[PDB]
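To start, the structure itself, in structure tokens.
In my numbering, the protein residues as written are 2 to 310.
Below you can see the structure in the form of structure tokens.
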């Protein structure tokens, strides 16, 4: 019998290497492990706010990634080639982990495991696809039900209800996926004073926070959904000047070349989603930021075909 083992409540390197080989054997972990890992991430995250002040020195390097959509095999290849993860090499992913992903649940649970390994060195921000509105109706709920039972589903939902929105790094970098409201007067405090462990909203400006994205052209383009629309470049430039940001590199916008410098050249969009839905097969890349190299560092990797499982 190869039953579970907890060691001092601490997830150790040998143990999740054993877990990686177990998942290469493609079996199912016993439900009590799910119980303790879920409760532990529950207390460790529930104490974490939307904005937590974390300072990273010029001697520390940080790894950030684009839209991956649960490429678990590519993550294993990263662990294999890029070296063992370190306290001085935090990894951050720019949302969009789920939907169109058939085993992103294993990805997210091993991410919670790594959070147990590094509770103050792995941080993520809520994406716009991690919402029950589209997950319940458009097949992701069916995927969850095929995988597991409804009680664990509501457990993951209530865990996700505390997901943060915005981060500040180095006092020079501001991190978010969606963006801003359509109107001026946006502070960090108003979002901070909004209690987020409640019923998720359907739409509106709070939905604009994670879905409204700027456009490379100027002006104000009406949203094709018929509700609200993407706010103009005057707001963006005013906020750029006020919040002392130079530029940001993000994703969730389709580029033929896999990257582009747009918005009058003031923003960088990178496509690190290789062959999403088996369509583009574009190059992927992840970015290292550190004090010793002021320009962002780019590592470009490519994906491989995966078994039809």
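By construction, the Cβ of each residue, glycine as well, lies at the ideal position given by its N, Cα and C atoms.
Separation of residue j from residue i, as counted between CA atoms
| i | j | result |
| --- | --- | --- |
| residue 61 | residue 89 | 6 Å |
| residue 82 | residue 17 | 17 Å |
| residue 75 | residue 146 | 25 Å |
| residue 53 | residue 36 | 27 Å |
| residue 8 | residue 14 | 12 Å |
| residue 162 | residue 127 | 9 Å |
| residue 21 | residue 168 | 30 Å |
| residue 234 | residue 245 | 16 Å |
| residue 258 | residue 179 | 22 Å |
| residue 100 | residue 154 | 15 Å |
| residue 57 | residue 227 | 42 Å |
| residue 141 | residue 269 | 30 Å |
| residue 215 | residue 28 | 43 Å |
| residue 292 | residue 151 | 46 Å |
| residue 164 | residue 125 | 8 Å |
| residue 229 | residue 242 | 25 Å |
| residue 295 | residue 206 | 35 Å |
| residue 65 | residue 4 | 35 Å |
| residue 84 | residue 111 | 17 Å |
| residue 307 | residue 236 | 43 Å |
| residue 279 | residue 223 | 30 Å |
| residue 202 | residue 220 | 27 Å |
| residue 210 | residue 171 | 22 Å |
| residue 138 | residue 25 | 31 Å |
| residue 225 | residue 208 | 15 Å |
| residue 31 | residue 262 | 47 Å |
| residue 177 | residue 252 | 11 Å |
| residue 2 | residue 23 | 14 Å |
| residue 200 | residue 63 | 33 Å |
| residue 240 | residue 59 | 25 Å |
| residue 6 | residue 19 | 12 Å |
Residue nearest to residue i in terms of C-alpha spacing, selected from the options
| i | options | result |
| --- | --- | --- |
| residue 185 | 238, 56 and 51 | 238 |
| residue 254 | 294, 265, 233 and 213 | 213 |
| residue 264 | 136, 218, 233 and 182 | 218 |
| residue 94 | 223, 271, 104 and 293 | 271 |
| residue 283 | 111, 256 and 296 | 256 |
| residue 148 | 173, 304, 103 and 121 | 103 |
| residue 11 | 268, 2 and 34 | 34 |
| residue 250 | 56, 290 and 101 | 290 |
| residue 310 | 110, 73, 154 and 197 | 73 |
| residue 305 | 295, 293 and 281 | 281 |
| residue 277 | 67, 57, 58 and 111 | 67 |
| residue 91 | 69, 123, 47 and 111 | 123 |
| residue 198 | 49, 150, 174 and 176 | 49 |
| residue 300 | 293, 292 and 288 | 288 |
| residue 232 | 113, 183, 58 and 267 | 183 |
| residue 302 | 55, 211, 273 and 166 | 273 |
| residue 45 | 113, 196, 210 and 200 | 113 |
| residue 129 | 204, 59 and 86 | 204 |
| residue 96 | 137, 87 and 108 | 108 |
| residue 87 | 137, 23 and 121 | 121 |
| residue 266 | 248, 279 and 252 | 248 |
| residue 47 | 225, 240, 196 and 98 | 196 |
| residue 69 | 98, 59 and 2 | 98 |
8 Å contact criterion, which residue i and residue j should meet: CB distance rounded
| i | j | result |
| --- | --- | --- |
| residue 285 | residue 275 | 5 Å |
| residue 105 | residue 71 | 3 Å |
| residue 181 | residue 174 | About 16 Å; that fails the 8 Å criterion. |
| residue 51 | residue 166 | 5 Å |
Proximity test, residue i beta-carbon vs the ligand SAM heavy atom, cut-off 7 Å
| i | result |
| --- | --- |
| residue 285 | Although the ligand SAM was asked about, the structure shown includes no ligands whatsoever. |
Report task. Tell me, please, whether the stretch 187-194 touches the stretch 64-80 by the rule of three or more beta-carbon pairs shorter than 8 Å. Result -> no
Query raised in the report: If you pair each beta-carbon of the stretch 107-124 with each one of the stretch 28-45, do three or more pairs fall below 8 Å?
Result: yes
Query raised in the report: Is the stretch 151-167 touching the stretch 120-137, taking contact as three or more C-beta pairs under 8 Å?
Result: Yes: at least three Cβ pairs fall under 8 Å.
Requested in this report: Entirely within the stretch 9-43 and at least 4 residues each: give me those alpha helix (DSSP H) ranges in chain order.
Outcome: 14-25
Query - Complete runs of the beta strand (DSSP E) confined to the stretch 73-152 [at least 3 residues] - result: 92-94
Requested in this report: Give, in chain order, every unbroken run of the beta strand (DSSP E) that is at least 3 residues long and sits entirely within the stretch 257-292.
Outcome: 260-263, 268-271 and 285-291
Query raised in the report: At what residue ranges does the stretch 173-213 contain a whole run of the beta strand (DSSP E), taking only runs of 3 or more?
Result: 174-176
Query raised in the report: What beta strand (DSSP E) runs, 3 residues minimum, are completely inside the stretch 210-237?
Result: none
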